[PDB]
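K.L.:
Sharing a structure, written as structure tokens. Questions coming.
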Amino acid sequence: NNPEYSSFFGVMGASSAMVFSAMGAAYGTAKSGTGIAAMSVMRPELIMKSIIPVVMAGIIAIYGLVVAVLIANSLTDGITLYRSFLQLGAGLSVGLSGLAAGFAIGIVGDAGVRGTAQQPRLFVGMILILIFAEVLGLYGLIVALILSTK
Amino acid sequence: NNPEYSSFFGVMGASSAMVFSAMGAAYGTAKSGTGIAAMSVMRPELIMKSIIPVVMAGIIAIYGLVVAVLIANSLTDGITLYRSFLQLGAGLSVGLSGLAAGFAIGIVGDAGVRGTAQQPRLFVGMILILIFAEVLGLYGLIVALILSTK
Amino acid sequence: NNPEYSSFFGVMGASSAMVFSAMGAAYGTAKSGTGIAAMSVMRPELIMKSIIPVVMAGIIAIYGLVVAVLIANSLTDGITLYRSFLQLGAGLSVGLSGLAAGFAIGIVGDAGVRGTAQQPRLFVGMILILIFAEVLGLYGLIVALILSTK
Amino acid sequence: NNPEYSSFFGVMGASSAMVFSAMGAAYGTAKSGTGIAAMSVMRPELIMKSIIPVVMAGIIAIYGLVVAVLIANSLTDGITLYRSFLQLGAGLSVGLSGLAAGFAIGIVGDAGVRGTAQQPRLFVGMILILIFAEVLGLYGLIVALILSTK
Amino acid sequence: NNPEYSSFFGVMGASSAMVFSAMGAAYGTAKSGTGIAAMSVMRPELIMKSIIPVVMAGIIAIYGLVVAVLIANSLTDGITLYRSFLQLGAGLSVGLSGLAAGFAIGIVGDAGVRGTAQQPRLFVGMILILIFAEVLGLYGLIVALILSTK
Amino acid sequence: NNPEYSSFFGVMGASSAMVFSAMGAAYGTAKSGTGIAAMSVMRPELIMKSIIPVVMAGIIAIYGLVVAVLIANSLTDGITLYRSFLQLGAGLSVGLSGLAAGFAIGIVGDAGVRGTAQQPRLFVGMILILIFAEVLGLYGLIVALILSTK
Amino acid sequence: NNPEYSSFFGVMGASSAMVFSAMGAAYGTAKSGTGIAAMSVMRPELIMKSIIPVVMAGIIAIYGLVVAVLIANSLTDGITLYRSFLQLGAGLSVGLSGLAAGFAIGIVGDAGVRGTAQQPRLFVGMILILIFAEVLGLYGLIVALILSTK
Amino acid sequence: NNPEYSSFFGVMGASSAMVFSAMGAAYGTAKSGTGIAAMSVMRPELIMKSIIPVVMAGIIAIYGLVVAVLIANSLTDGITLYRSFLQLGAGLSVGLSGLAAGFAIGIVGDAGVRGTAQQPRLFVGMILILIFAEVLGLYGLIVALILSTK
Amino acid sequence: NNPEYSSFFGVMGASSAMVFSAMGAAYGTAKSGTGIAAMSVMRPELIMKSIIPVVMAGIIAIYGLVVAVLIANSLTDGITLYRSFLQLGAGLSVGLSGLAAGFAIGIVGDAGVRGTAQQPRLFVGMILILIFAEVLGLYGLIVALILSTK
Amino acid sequence: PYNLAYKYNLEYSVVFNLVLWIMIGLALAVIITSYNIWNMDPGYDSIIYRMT
Amino acid sequence: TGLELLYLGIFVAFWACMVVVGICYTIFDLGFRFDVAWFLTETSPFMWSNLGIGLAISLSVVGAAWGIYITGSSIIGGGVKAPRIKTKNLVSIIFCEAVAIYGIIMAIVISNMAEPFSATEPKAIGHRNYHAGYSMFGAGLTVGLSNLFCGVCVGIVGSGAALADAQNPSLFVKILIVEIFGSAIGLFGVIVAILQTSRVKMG
Amino acid sequence: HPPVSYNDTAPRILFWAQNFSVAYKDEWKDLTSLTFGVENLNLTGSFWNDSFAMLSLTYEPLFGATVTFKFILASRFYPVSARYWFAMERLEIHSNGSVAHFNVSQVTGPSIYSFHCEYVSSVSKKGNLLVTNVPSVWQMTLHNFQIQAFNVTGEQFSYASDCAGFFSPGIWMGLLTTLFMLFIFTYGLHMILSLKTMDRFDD
């Protein structure tokens with residue numbers, strides 16, 4: 001009685017959970033990567049302090065991957081077409097949130113890296129905005145986990 | 001008796017409400033933060049003064065979370081295809097309201113940060129202009145909440 | 001007798017009503033904030049005056065919100081397909097009219113703010129074009145209020 | 001009872017597993033090599049260091065083979081049409097992860113090897129930031145194997 | 001029982017297999033060819049030894065050619081409606097793999113002949129970097145030999 | 001048994017074959033001849049020898065024209081719905097290969113006559129690069145004849 | 001048995017033939033005329049030895065029209081849906097072949113004319129290019145006539 | 001016997017004829033006329049000598065009109081549904097051939113205007129090139145005169 | 001009897017009759033008015049001479065309007081659906097031909113602005129060129145009248 | 001086979017619409033993100049000045 | 001500049017898909033699955049009335065707004081040194097609100113005839129209303145875009161007029177004549193609309 | 001299953017169904033067993049003429065009532081397409097003389113080709129096939145039906161024609177409204193993306 005072709009939702013859902021988050025990840029190592037390259041060109045002594053946004057990009061990768069595997073292992077062929085659809089929606093939400101976090105972390109990491117070298121007082125604010133990007137990723141993760149067990 | 005696939009539109013509403021506001025916050029914080037990294041570098045005495053757009057983008061993200069979670073926790077299988085459409089409309093409404101609000105606060109915050117770099121008198125009026133866009137987002141939230149519980 | 005799918009037209013109308021008017025109000029705030037930020041460095045004594053178009057952009061948002069909340073109240077499940085259509089037309093019309101009025105308000109605002117920056121004599125004329133734009137926005141409100149009961 | 005040519009989602013998955021990865025690794029080599037041609041202008045002794053990011057760029061292509069060969073071997077005709085979907089999802093996931101890793105590796109290896117051509121200290125940060133790109137590709141392969149085996 | 005219009009899946013596979021690789025080889029000959037044309041001016045002695053990436057783009061195209069001829073060898077009208085799909089996937093895969101490999105080889109070989117002209121030491125390193133792209137094209141070959149024989 | 005719609009494919013392949021190859025030749029001669037005029041401005045004695053890529057561009061169109069005539073020879077009203085297929089496959093394949101070849105001819109021949117009239121030693125290397133393009137077109141020609149015979 | 005869309009297709013064949021031929025010829029005449037207008041000032045005497053590419057775009061028009069009118073004279077109502085295929089393919093083939101030929105004629109004629117503004121010897125090589133332009137036109141003609149006789 | 005919509009094709013034929021020819025003549029007066037306004041500033045003596053391309057655009061208009069009215073007076077309700085195809089194709093053909101001579105005349109005349117300004121000897125050739133363009137116009141009219149009466 | 005909905009063709013006949021024609025009219029007037037504003041700056045005596053393009057853009061508006069009024073007079077419920085085809089064709093013809101004449105008179109008109117600004121003699125010639133465009137507009141009219149009353 | 005139908009799914013139109021919409025939406029998102037990440041600007045300054 | 005590339009891609013894909021589907025349907029001789037009567041009989045005339053009204057007001061609003069800001073920017077630029085400009089150029093913004101009223105009044109004209117049907121079966125029920133509400137749609141979009149472009153032309157012409165009035169205010173009426181012409185074109189639009197709504201009746 | 005057929009001089013009417021059932025007292029007398037496999041069915045009242053035909057499938061008097069079903073088959077020419085189109089529009093159920101009438105849904109197509117829609121039924125949702133009131137306690141369904149009763153050349157049916165077509169009419173106007181909404185929205189988004197910051201200030 002369960003309608004067929006239901007799993008187009010969930011199978012794509014796990015993927016989409018990690019797709020846009022993967023794009024955000026590739027963005028997060030990108031621009032801040034160049035900024036860190038420039039600021040270790042000009043002064044190598046703060047090279048270790050400039051790695052935090054890269055770790056944040058890793059954390060956004062975590063945000064994508066946890067929901068991705070949660071959708072993957074919550075799968076079957078005879079689904080009631082309701083939960084599968086919910087998994088699709090959760091995947092889209094978490095992926096798009098991770099992509100937003102990737103954009104924010106890349107741009108702000110580059111800006112704050114190029115900033116802290118001149119004025120050291122910008123480093124703390126850079127860190128704060130990195131926290132805000134993580135909070136965006138967590139917002140997406142929250143809705144994803146709600147939709148994973150509704 | 002209910003139409004098939006009925007409840008899906010409300011879940012897409014939750015996803016849109018979430019993601020559009022997430023985009024809004026990710027942009028509202030990013031360009032404002034570049035403004036901070038470009039302004040505070042030479043007038044670092046205003047670091048604490050110019051975090052207001054970031055908090056406002058956070059408020060937009062919270063609006064997105066609360067609407068998305070409210071819709072996600074009201075879900076069921078037995079919908080008459082009339083609750084789901086209202087939830088979809090509410091979700092799109094608040095999501096893109098947060099998106100436009102995020103853009104507005106980011107650009108106005110960068111402009112006002114540089115302006116108060118040049119002229120401290122702006123600060124209060126700058127905040128007022130930020131209140132305007134936040135209240136636009138609040139209007140969107142009003143309509144979304146009226147539709148969600150309808 | 002009641003046609004199926006009768007409810008999605010009017011809710012999307014109310015959506016569009018609050019959506020496009022919100023875009024217009026965002027436009028007004030966006031451009032007028034760039035104005036005031038550019039301005040007050042030279043003449044900080046006219047900041048209070050430059051809030052004239054900003055409140056009016058907010059009022060465009062109020063137009064859209066008024067129609068959206070009205071349509072939100074008047075919706076139902078047992079629609080003969082007629083009322084929902086009236087709601088759709090009213091909402092989309094007020095939304096696009098708010099968009100137009102808001103953009104006109106915004107760029108006229110920045111321009112006339114510059115005109116006041118140099119020549120004070122242009123300030124009353126700036127208010128003139130703004131009041132005409134607000135009359136346009138009020139047309140957008142009033143015709144939609146007519147349509148929701150036609 | 002199985003619908004026609006049922007394996008084709010999984011066959012397109014076997015394709016997508018290395019399609020997007022061939023795009024990605026190609027991108028990564030594409031900008032890296034043009035960078036190297038400039039680096040060895042003024043410090044030919046770093047022709048050995050030039051090979052570091054490229055051997056690691058090869059891993060994207062390795063991953064493109066990982067699931068592609070697996071599914072080129074495990075394919076059959078009598079498929080319930082759902083594992084076929086799973087394989088499609090896995091393939092497109094690992095492929096676009098190959099794109100992500102390729103993009104990040106190309107641009108970051110490029111910038112970092114400029115900054116190593118100037119400052120030798122930058123090398124440590126170059127490797128460190130390079131880590132996260134293969135972490136991302138790994139995440140892609142994780143989800144792809146889960147879907148290829150779930 | 002085999003549905004009508006089945007053999008095109010294989011035929012269009014064999015079609016793409018070399019055609020997309022031929023687009024790649026066209027770029028491969030275009031870019032590095034123009035670069036060598038530029039670099040004959042200052043070092044006429046490097047003209048003959050700069051042919052390397054062009055020969056290699058040749059083999060990139062041989063990959064797609066081999067797959068295209070193989071599928072033609074295995075081509076038949078009485079297909080089981082599964083083998084033709086494997087041929088489709090194989091051909092599409094190898095063709096676009098050759099496309100990307102040839103493009104990357106062209107641009108990297110162009111930059112490499114720039115670099116070898118300005119400094120003879122780059123001649124070996126650039127060769128190795130080109131070997132990498134050839135290996136990527138070879139993986140594109142590999143998967144297509146597995147599938148078109150499966 | 002084959003319906004009356006079984007020869008669209010063959011009659012359009014016979015077109016495609018010359019068609020895209022002729023686009024290729026019209027790019028090849030278009031760029032090359034412009035180069036020939038530009039460098040006949042500088043030394044007129046190489047006006048004769050510089051005609052090689054244009055004869056070669058004609059050969060690129062031979063590749064499509066001859067195969068097209070073969071398709072016309074093998075074309076009939078009562079076709080098996082499986083020889084028409086191979087005609088379409090071969091025709092579009094050789095066409096697109098010729099397009100790629102002629103594109104390469106344009107770019108490479110123009111840059112080659114530039115760097116050859118500048119540096120006379122390239123009259124070897126330019127032609128060496130040229131013959132690769134014809135070989136690339138021959139790949140398509142081989143498979144086109146094979147499909148015409150399969 | 002005999003459809004009417006067969007006649008439709010034949011008429012569109014003749015149309016597209018003369019259509020694209022006219023496009024090519026008009027473009028060629030435009031570019032050639034611009035070239036003559038550029039060259040005429042410093043070289044007033046060669047106004048009588050400059051019409052050649054215009055005449056040869058005319059020859060492309062000869063091809064386009066002879067095929068178009070030949071197909072037009074063979075139109076009938078009792079078509080077995082096969083000669084219609086041949087007519088459509090012939091017409092579109094010769095048309096776009098004439099388009100490409102006229103494009104090549106325009107560009108090469110303008111470039112050669114600009115080169116001949118100071119280099120009278122370039123005239124010979126310019127004719128050498130012109131002959132292959134007509135070769136492309138002839139190849140547009142050939143298979144189209146073959147199909148019109150098939 | 002002939003179905004409804006049978007008369008439809010012919011009227012778009014006549015229309016498209018006059019439409020595209022009007023576009024051509026509009027562009028003919030477009031470019032050449034502005035060229036006159038730019039050129040004749042310094043040579044008002046040739047005001048009577050360069051009206052030829054404009055009247056030639058007029059002649060293109062005549063062609064369009066003649067075919068359009070020819071189809072207009074030859075259409076009927078009970079049409080065979082083949083004559084409708086003939087009129088559609090003929091009208092399309094002649095219209096866009098008028099457009100073809102249109103842009104050819106526009107570009108050629110704009111070049112010839114200031115080409116005559118600088119060197120008055122260009123007049124010997126300019127009208128000859130315009131005659132070639134009008135030969136293409138006649139080509140379109142020829143195809144129209146064959147198809148419509150067919 | 002009359003097929004239902006048959007009048008739709010005629011009503012779009014009226015619309016398309018006037019719409020594009022009026023586009024062109026208000027474009028020509030618009031742009032000639034700006035050019036003549038520049039004229040008003042630089043000399044006032046030719047203001048009576050500057051009214052020429054505008055009244056003829058009005059003539060374009062008449063070309064549209066007369067046909068549109070004819071259709072809007074012939075409107076009714078039970079139309080044969082075979083006259084309405086002519087109505088629609090006439091409408092789209094006269095509309096877009098009014099657009100044609102519109103931008104034509106506009107561009108030629110502002111060319112004539114500066115042309116007569118520096119040389120009063122060119123006034124007669126530019127009037128002649130203008131008259132050609134309204135001959136084109138009358139062309140746009142007459143076939144519409146023929147078809148709408150055929 | 002007596003031309004017995006293959007049981008074309010009931011309300012296949014709605015399924016077709018939904019699958020088309022979701023596929024094009026995902027395609028739009030991935031393509032716009034690809035276009036974004038393609039045109040990044042590393043700055044074209046600092047040592048990049050030295051390398052021009 | 002990627003947005004226009006996106007739009008071009010969208011349009012190209014849409015058009016190519018339509019062409020491919022059409023040629024395939026013609027090839028396989030499908031039995032009027034591209035049923036025009038199916039596309040049309042399932043269309044509520046309420047669409048026609050409501051969208052006529054909506055377009056009629058929307059396009060007028062958009063054009064009037066466009067003229068409003070164009071004249072606003074121009075007057076504000078010209079008044080920097082010639083503030084006597086504002087004595088005269090406000091007639092342009094009056095013309096913009098005229099552009100608005102031309103559409104608003106006709107929206108009321110269409111809205112007077114909003115009525116129900118209480119009819120379900122399309123065949124031969126409400127034959128008159130089918131053409132009536134449609135015609136309301138046609139007239140509405142006509143008057144809408146009419147007022148739209150009228151406002152556009154009036155606005156940019158008023159911009160030219162203001163920038164001319166900066167240096168000499170005596171020629172303002174000599175420039176205002178062309179605005180009168182644009183108003184006349186808008187009136188042509190309104191007249192076509194009334195001729196398209198004078199023989200209609202709903203329900 | 002062997003389909004039932006009008007096996008007089010030449011088979012002219014064909015009809016299949018995987019199931020067929022009717023509930024009189026709200027419990028379903030399964031009539032699948034009596035059809036598609038039963039050799040002898042009472043077909044006395046069936047009639048054949050070109051574009052003019054009837055059917056009469058009488059059964060045993062189960063549940064104390066003689067059962068019969070009657071179907072009207074005809075095809076009307078249309079010049080607009082120059083084709084004959086057959087349509088089914090009324091079904092009668094004769095129980096003990098009394099007749100129960102059932103206007104039929106949009107079951108239609110060309111006389112050339114057959115018609116298949118999987119499920120068709122009086123009971124709502126499963127199918128529609130309703131008529132004015134008719135509060136009888138008889139509901140019927142037809143799992144995987146099929147019919148081909150014009151220009152029948154043999155026991156084989158003709159090419160099947162789907163009822164669902166390619167679109168559901170209940171959402172086409174909704175699709176169009178969404179298209180217009182997204183058009184105006186992308187206009188707005190194109191406009192807002194032209195925004196950008198301010199550069200260095202004036203003094």
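Residues in the structure tokens are named by chain (A, B, ... in the order shown) and by number from 1 within that chain; ligands are numbered from 1 in the order shown.
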Leaving out range 89-102 of chain E and any residue of its chain fewer than 3 positions from it, which residues lie within 7 Å of it when counting only C-alpha atoms, given as a VMD selection string?
P.N.:
(chain D and resid 11 to 12 15 19 22 to 23 26) or (chain E and resid 13 to 14 16 to 25 27 to 28 57 60 to 61 64 67 to 68 85 to 86 105 to 106 133 to 134 136 to 137 140 to 141 143 to 144 147 to 148)
K.L.:
By least-squares superposition of chain E on chain I, using all C-alpha atoms in order, what RMSD in Å to one decimal is obtained?
P.N.:
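Once chain E is fitted onto chain I, the C-alpha RMSD works out to 0.9 Å.
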K.L.:
If you run DSSP over the backbone, which residues in chain C end up alpha helix (DSSP H)? Put them as a PyMOL selection string.
P.N.:
chain C and resi 8-39+52-74+83-118+123-147
K.L.:
Any idea which chain L residues end up within 12 Å of chain I if we count only C-alpha atoms, as a PyMOL selection string please?
P.N.:
chain L and resi 78-80
K.L.:
Residues as selected, N, CA and C atoms, written as an mmCIF file, in the first residue's frame, can you do that?
P.N.:
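The result, written out as part_4.cif:
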data_model
loop_
_atom_site.group_PDB
_atom_site.id
_atom_site.type_symbol
_atom_site.label_atom_id
_atom_site.label_comp_id
_atom_site.auth_asym_id
_atom_site.auth_seq_id
_atom_site.Cartn_x
_atom_site.Cartn_y
_atom_site.Cartn_z
ATOM 1 N N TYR L 78 -15.847 14.588 -35.852
ATOM 2 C CA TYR L 78 -15.487 15.978 -35.568
ATOM 3 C C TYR L 78 -14.688 16.510 -36.750
ATOM 4 N N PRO L 79 -15.180 17.515 -37.486
ATOM 5 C CA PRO L 79 -14.362 18.059 -38.583
ATOM 6 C C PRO L 79 -13.118 18.793 -38.112
ATOM 7 N N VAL L 80 -13.101 19.292 -36.873
ATOM 8 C CA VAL L 80 -11.982 20.115 -36.415
ATOM 9 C C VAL L 80 -10.689 19.310 -36.420
#
K.L.:
If we count only C-alpha atoms, what is near residue 60 in chain L at a cut-off of 10 Å, once residues fewer than 6 positions away on the same chain are taken out, given as a PyMOL selection string?
P.N.:
chain L and resi 34+41-42+66-68
K.L.:
Determine, counting only C-alpha atoms, which protein, DNA and RNA residues have an atom within 10 Å of an atom of residue 52 in chain G; residues of the same chain fewer than 3 positions away are not included. Present the result as a PyMOL selection string.
P.N.:
chain G and resi 32+48-49+55-58+109+127+130
K.L.:
Please report as a list in words which residues of chain G come no farther than 12 Å from chain K, using only C-alpha atoms.
P.N.:
residues 3, 4, 5, 6, 8, 9, 81 and 85 of chain G
K.L.:
Store the residues picked out above, limited to C-alpha atoms, as a PDB file, in the first residue's frame.
P.N.:
ATOM      1  CA  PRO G   3       1.158  12.927 -44.143  1.00  0.00           C
ATOM      2  CA  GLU G   4       1.045  16.691 -44.451  1.00  0.00           C
ATOM      3  CA  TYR G   5       3.851  17.296 -41.964  1.00  0.00           C
ATOM      4  CA  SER G   6       6.140  15.636 -44.519  1.00  0.00           C
ATOM      5  CA  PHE G   8       5.807  20.868 -43.934  1.00  0.00           C
ATOM      6  CA  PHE G   9       9.284  19.466 -43.252  1.00  0.00           C
ATOM      7  CA  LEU G  81       7.543  10.687 -45.382  1.00  0.00           C
ATOM      8  CA  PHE G  85      13.411  13.581 -44.612  1.00  0.00           C
TER       9      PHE G  85
END
K.L.:
So that I can check the surroundings of residue 107 in chain K, please list as a short mmCIF file (atom, residue, chain, number, x, y, z; two decimals) with N, CA and C atoms, in the first residue's frame every protein, DNA and RNA residue that reaches within 10 Å of it, counting only C-alpha atoms and ignoring chain neighbours fewer than 5 positions away.
P.N.:
data_model
loop_
_atom_site.label_atom_id
_atom_site.label_comp_id
_atom_site.auth_asym_id
_atom_site.auth_seq_id
_atom_site.Cartn_x
_atom_site.Cartn_y
_atom_site.Cartn_z
N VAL C 143 -6.28 49.85 -3.37
CA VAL C 143 -6.92 49.03 -4.40
C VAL C 143 -6.96 47.57 -3.97
N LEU C 147 -10.02 44.97 -3.51
CA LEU C 147 -10.11 43.68 -4.19
C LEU C 147 -10.45 42.54 -3.24
N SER K 49 -10.38 37.96 -15.25
CA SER K 49 -10.76 39.21 -14.59
C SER K 49 -9.68 39.69 -13.62
N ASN K 50 -9.25 38.81 -12.71
CA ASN K 50 -8.35 39.22 -11.63
C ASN K 50 -6.99 39.64 -12.17
N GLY K 52 -6.37 40.68 -15.24
CA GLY K 52 -6.54 41.94 -15.94
C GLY K 52 -6.44 43.11 -14.99
N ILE K 53 -7.17 43.04 -13.87
CA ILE K 53 -7.12 44.12 -12.89
C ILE K 53 -5.70 44.28 -12.35
N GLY K 54 -5.07 43.16 -11.99
CA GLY K 54 -3.77 43.22 -11.36
C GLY K 54 -2.71 43.79 -12.27
N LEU K 55 -2.65 43.32 -13.52
CA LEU K 55 -1.70 43.88 -14.48
C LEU K 55 -2.02 45.34 -14.77
N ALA K 56 -3.30 45.68 -14.90
CA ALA K 56 -3.69 47.05 -15.22
C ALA K 56 -3.17 48.02 -14.17
N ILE K 57 -3.26 47.66 -12.89
CA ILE K 57 -2.75 48.57 -11.87
C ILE K 57 -1.24 48.43 -11.72
N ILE K 101 -3.43 57.21 -12.41
CA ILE K 101 -4.89 57.24 -12.38
C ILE K 101 -5.47 56.58 -13.63
N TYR K 102 -4.79 56.74 -14.78
CA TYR K 102 -5.29 56.09 -16.00
C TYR K 102 -5.50 54.59 -15.80
N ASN K 112 -15.97 46.52 -11.34
CA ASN K 112 -17.42 46.63 -11.21
C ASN K 112 -18.14 45.35 -11.62
N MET K 136 -11.72 41.19 -20.38
CA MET K 136 -11.28 42.01 -19.25
C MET K 136 -9.78 41.85 -19.05
N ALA K 139 -7.90 43.79 -21.97
CA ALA K 139 -7.95 45.23 -21.75
C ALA K 139 -7.09 45.64 -20.55
N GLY K 140 -7.09 44.82 -19.50
CA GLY K 140 -6.33 45.17 -18.31
C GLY K 140 -4.84 45.21 -18.58
N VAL K 143 -4.09 48.36 -20.90
CA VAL K 143 -4.04 49.67 -20.25
C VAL K 143 -2.87 49.72 -19.27
N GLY K 144 -2.57 48.59 -18.62
CA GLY K 144 -1.44 48.56 -17.71
C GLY K 144 -0.14 48.92 -18.40
#
K.L.:
Rank K:61, K:119, K:178, K:114 by their smallest atom-to-atom distance to residue 2 in chain C, using only C-alpha atoms, and report the top residue only.
P.N.:
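Using only C-alpha atoms, the shortest distance to residue 2 in chain C belongs to K:119.
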K.L.:
List as a ChimeraX atom specification the protein and nucleic acid residues near range 110-113 of chain D, meaning an atom at most 9 Å away when only C-alpha atoms are counted, but skip any in the same chain fewer than 4 places from it.
P.N.:
/A:33-38 /D:28,31-36,39,49-50,53,105-106,117-118,122-123,125-127 /J:42
K.L.:
Find the residues around range 88-104 of chain L up to 7 Å (only C-alpha atoms counted), leave out those fewer than 6 positions away in its own chain, and share them as a list in words.
P.N.:
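Here the answer would be residues 65, 66, 67, 68, 69, 70, 71, 72, 73, 129, 130 and 131 of chain L.
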K.L.:
Which one is closest to residue 79 in chain B: B:107, B:1, B:7, B:65? Count only C-alpha atoms.
P.N.:
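Closest to residue 79 in chain B, using only C-alpha atoms: B:7.
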K.L.:
Could you tell me how far CA of residue 129 in chain D sits from CA of residue 51 in chain A, in Å to one decimal place?
P.N.:
7.6 Å
K.L.:
Give me the chain J side of the contact with chain L, cut-off 7 Å, one line per residue showing its nearest atom pair and distance in Å at one decimal, counting only C-alpha atoms, sorted by chain and residue number, as a Markdown table.
P.N.:
| residue | atom | partner | partner_atom | distance |
| --- | --- | --- | --- | --- |
| J:2 | CA | L:156 | CA | 4.0 |
| J:3 | CA | L:157 | CA | 5.4 |
| J:5 | CA | L:160 | CA | 6.1 |
| J:7 | CA | L:118 | CA | 6.2 |
| J:10 | CA | L:164 | CA | 7.0 |
| J:11 | CA | L:164 | CA | 6.3 |
| J:13 | CA | L:167 | CA | 4.9 |
| J:14 | CA | L:168 | CA | 6.8 |
K.L.:
Write a file of the selected residues as a PDB file, in the first residue's frame, keeping N, CA and C atoms.
P.N.:
ATOM      1  N   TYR J   2      -1.766  -8.861 -27.362  1.00  0.00           N
ATOM      2  CA  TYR J   2      -3.105  -8.277 -27.287  1.00  0.00           C
ATOM      3  C   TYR J   2      -3.078  -6.795 -26.921  1.00  0.00           C
ATOM      4  N   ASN J   3      -1.916  -6.149 -27.036  1.00  0.00           N
ATOM      5  CA  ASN J   3      -1.755  -4.737 -26.688  1.00  0.00           C
ATOM      6  C   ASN J   3      -2.260  -4.449 -25.276  1.00  0.00           C
ATOM      7  N   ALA J   5      -1.929  -3.063 -21.707  1.00  0.00           N
ATOM      8  CA  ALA J   5      -1.153  -1.935 -21.217  1.00  0.00           C
ATOM      9  C   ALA J   5      -0.094  -2.398 -20.224  1.00  0.00           C
ATOM     10  N   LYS J   7       0.318  -0.710 -17.478  1.00  0.00           N
ATOM     11  CA  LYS J   7      -0.143  -0.079 -16.244  1.00  0.00           C
ATOM     12  C   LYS J   7       0.630   1.211 -15.971  1.00  0.00           C
ATOM     13  N   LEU J  10      -1.184   5.654 -12.137  1.00  0.00           N
ATOM     14  CA  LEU J  10      -2.237   6.635 -11.926  1.00  0.00           C
ATOM     15  C   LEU J  10      -1.658   7.890 -11.287  1.00  0.00           C
ATOM     16  N   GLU J  11      -2.118   9.049 -11.759  1.00  0.00           N
ATOM     17  CA  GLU J  11      -1.624  10.343 -11.288  1.00  0.00           C
ATOM     18  C   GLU J  11      -0.112  10.452 -11.476  1.00  0.00           C
ATOM     19  N   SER J  13       1.217  12.270 -13.545  1.00  0.00           N
ATOM     20  CA  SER J  13       1.516  13.668 -13.831  1.00  0.00           C
ATOM     21  C   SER J  13       2.034  14.393 -12.595  1.00  0.00           C
ATOM     22  N   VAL J  14       1.411  14.164 -11.438  1.00  0.00           N
ATOM     23  CA  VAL J  14       1.836  14.858 -10.224  1.00  0.00           C
ATOM     24  C   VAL J  14       3.246  14.430  -9.838  1.00  0.00           C
TER      25      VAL J  14
END
